Every structure is written in structure tokens, then in C-alpha cells.
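Trainee: Read left to right, the sequence shown gives residues -2 to 315 (the deposited numbering).
Even for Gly, the Cβ is constructed at its ideal location relative to N, Cα and C.
To start, I am sharing the structure in question, which I have written as C-alpha cells.
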Amino acid sequence: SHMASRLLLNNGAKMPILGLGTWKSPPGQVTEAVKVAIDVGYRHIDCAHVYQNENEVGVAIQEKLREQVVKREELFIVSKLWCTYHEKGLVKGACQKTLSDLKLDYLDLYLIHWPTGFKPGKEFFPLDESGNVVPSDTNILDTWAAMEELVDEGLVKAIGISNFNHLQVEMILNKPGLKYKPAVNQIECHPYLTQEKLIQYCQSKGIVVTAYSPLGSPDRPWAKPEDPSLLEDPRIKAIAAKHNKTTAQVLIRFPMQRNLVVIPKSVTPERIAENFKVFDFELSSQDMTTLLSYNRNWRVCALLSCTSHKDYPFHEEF
Ligand SMILES: NC(=O)c1ccc[n+]([C@@H]2O[C@H](COP(=O)([O-])OP(=O)(O)OC[C@H]3O[C@@H](n4cnc5c(N)ncnc54)[C@H](OP(=O)(O)O)[C@@H]3O)[C@@H](O)[C@H]2O)c1
Ligand SMILES: CC1=C(CC(=O)O)c2cc(F)ccc2/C1=C\c1ccc([S@@](C)=O)cc1
């Protein structure tokens, strides 16, 4: 497939280009899912405190470490700082809680989950009397400085951002006194939301892009029948058929050939294995351009409750 398993980040570390997603993976199933993934070759797991399943993911990681199926140095564990913890004095604790839950002493990568900070408290989405999200007066630059401290304290090897538009990425890159550049911007990306502008921009700066919801997140809670469906798109199934692969495998191989990292989620053992079997074939440049042609700027994750937040990322073109 002419395809290396890892790429180089701007912190000097290598990141496996294929990871296991864990959003929506039920806590009673995610431990098995992660164990199976490690058994069949995954070395990169994507996590978040807001997913509420980090403890159970941690159980799997710890068993595989204890059993010497894999060494810690071979794993690449990613988590994300939730929006209610953007305050300077809350970032370390949030990171430590994630570390404790995952049963790790460091993260390979820690991302600001969204550019939008919310009021701190027990609620992940604090709403006013009217149902609008209650912002915090923290800005992304001070949050970034807090993230940089995590590196200097040994808690995380790399820091990054997620759902940042190109102007927000630029704000960080131009932050006065910037100490560490974002290593990664994790964004939604698939044939219905191809992200050429943002990807090219990030890559030109040495920022690696991770593509999330690469299968179109068919299990997203807000899905409706009228929504397009990547996995059922006959045009994509045709390309898969031509290559004797599954539609999902094509959808995973797609971002890989764009020098993106990709993190398909599954709790199904058979699909976990299938999804990893994407290093044995190549999409043609024609295949790639054809898949790109399907773009319709359609977002699974639009964060509709925060469209008035000053830092809402999706008003901008890219
Ligand atoms: N803000 C953010 O940074 C953000 C936002 C969204 C997602 N993410 C990350 O990206 C990960 C992946 O995105 P996602 O969870 O939104 O959706 P996704 O990976 O595009 O799709 C997951 C869905 O696809 C199904 N599936 C997986 N493999 C399949 C296969 N081979 N054939 C048919 N169906 C298959 C899964 O079913 P089963 O599980 O039942 O097998 C699940 O319903 C997330 O888990 C999360 O880690 C991050
Ligand atoms: C896009 C999205 C994701 C994926 C992500 O951020 O990784 C997510 C993950 C969670 F664990 C919880 C909520 C969300 C979410 C959007 C969202 C959902 C509900 C609400 S309340 C209005 O019902 C508001 C926003």
C-alpha cells in the first residue's frame, strides 16, 4: 500500500496514522473493544473526558500493559480538555483526572476539545434559562498557555487543538510568547466534508490533521433519515467493490492517503479488525479526486447549541 504506519509530529514524536475512536462506545463494551483493538494492531486510542468512558478504556489499556501485549512506549493515547475546564486553574486537574481514569502517567497527545470555553461546574453544557450555552471569559490563548504548562510538567508529550477554524489556528500560531506549536488539529473529515482549505493550511504549518467521524458517524444521536449516508453511497461502494474492500475500508484509506491520521470508532470486534486492514491496498489518484468530488460541506458535529459563542468555529469559511 506504500503506507507507513506512523507519521512525524512537530514535537519530534511519531503518531500512528490509524487510531480507535471511543465516542459513543458504551462503558460496558469499550473495555473489550480496546482490548481487541490492541490485539489486532491498533496502537493509538482516541479518548475524551466528555465521553464518560475513560475509566473503562483505561481498564483495557492497563490489562494489555500488564499482560505485556504491548509496552507503554508503543502506545499513543490521546485525550481532550473539555470546554468547562478552559480556566487556567482547572486545566491541570482536568488533565490529571483523565490520566487517573486512563491509568496512565502521561498522555502522548492532549487536545483542546473545542475553541469554546463554557462556565465551570458539574454540567458539561451549562445552559441559561433560555437554553443557550453559558460561556466562560477565558480566551483560547490563555488556555493554550495552560496546555503548554502540561508539557513542561511531564503530564503530556504533545499538545494540540480540535475543531479550530483556520483563523483560530492562526491566532495560536501568532500568540505572543508562543512556546509550543499545536502538534495536531483534529477535525471532522470525510467525502461529504473534505476540508481542503483547512487541511492545506494546517499542513503548510507543520500541523498534522486528524480526521474524525470518517465513516459519517452513523450512530450520532441526532441522525435523521434524510441525511446523506457515506456507508450507503453507491458511488463509494462501487470504488470499494473495484478494490475488493469494504466501503468502510475505503473511507478509512481515503484520509490516510491525504497524510491525515484517522480514528474510526467501533465496539464490534469483527469491524475493529476489518477497519485496521487498510494497509494492503491503494486508492488511485483518480479514486481520491472522485471521493473528494463528493463534498457537500455536510457536518455531523456542528455544535448547534453554541452558535452564538464568540469562539464558535463554523461561521468562517474554513
Ligand atoms: N470533537 C471531536 O474532536 C470529535 C468529534 C467526533 C468524533 N471524534 C472522534 O472520532 C471518532 C470516530 O468518529 P465517530 O464516532 O463520530 O463516527 P465514525 O467512526 O465515523 O462511525 C462510527 C459508527 O460506524 C460504525 N462502524 C464502524 N466500523 C464499521 C464498519 N466497518 N462497517 C459498518 N459500520 C461501521 C460503528 O458501529 P459499531 O461501533 O456498532 O461497530 C459506529 O456506529 C469518535 O469515536 C471520537 O473518538 C472527535
Ligand atoms: C459534536 C459533539 C460531540 C462529539 C465531540 O465533541 O467529540 C459530543 C460528545 C459528547 F460526549 C457530548 C456531546 C457532544 C456533541 C455535541 C453536543 C451534544 C449535545 C448538546 S446538548 C445542547 O444536548 C450540545 C452539543
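1. Tell me whether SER305 is buried or exposed, calling it buried when 16 or more other Cβ atoms sit within 10 Å of its Cβ.
2. By Cβ distance below 7 Å, which residues in the same chain neighbour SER210 in space, the five residues on each side in sequence not counted?
3. Indicate whether the contact test is met: 3 or more Cβ pairs, each with one atom in the stretch 69 to 78 and one in the stretch 113 to 120, closer than 8 Å.
4. Kindly indicate the opening and closing residues of the alpha helix (DSSP H) around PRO24.
5. Would you decide whether residue 320 is buried or exposed? Buried here means 16 or more other CB atoms lie within 10 Å of its CB.
6. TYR39 by DSSP, collapsed to three states: which one?
7. Among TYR309, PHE315, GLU314 and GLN254, which has the Cα closest to the Cα of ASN136?
8. Measuring only the C-alpha atoms, how far is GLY18 from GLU126?
9. Report buried or exposed for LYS176, applying the criterion of at least 16 other Cβ atoms within 10 angstroms of its Cβ.
10. Does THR207 come out as helix, strand or coil in the three-state DSSP assignment?
11. For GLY203, which of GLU223, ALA10, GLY25 and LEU78 has the nearest alpha-carbon?
12. Can you tell which of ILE58, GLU64 and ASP43 has its C-alpha closest to the C-alpha of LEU78?
13. So, is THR265 buried or exposed, given that buried needs 16 or more other C-beta atoms within 10 angstroms?
Mentor: On the basis of the coordinates in this document:
1. exposed
2. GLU185, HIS187, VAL297 and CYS298
3. no
4. Secondary structure note for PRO24: its alpha helix (DSSP H) is the uninterrupted segment 24 to 36.
5. Summary: the structure shown does not reach residue 320, with the chain confined to residues -2 through 315, and so no result is reported for it.
6. coil
7. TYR309
8. 34 Å
9. exposed
10. strand
11. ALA10
12. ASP43
13. exposed
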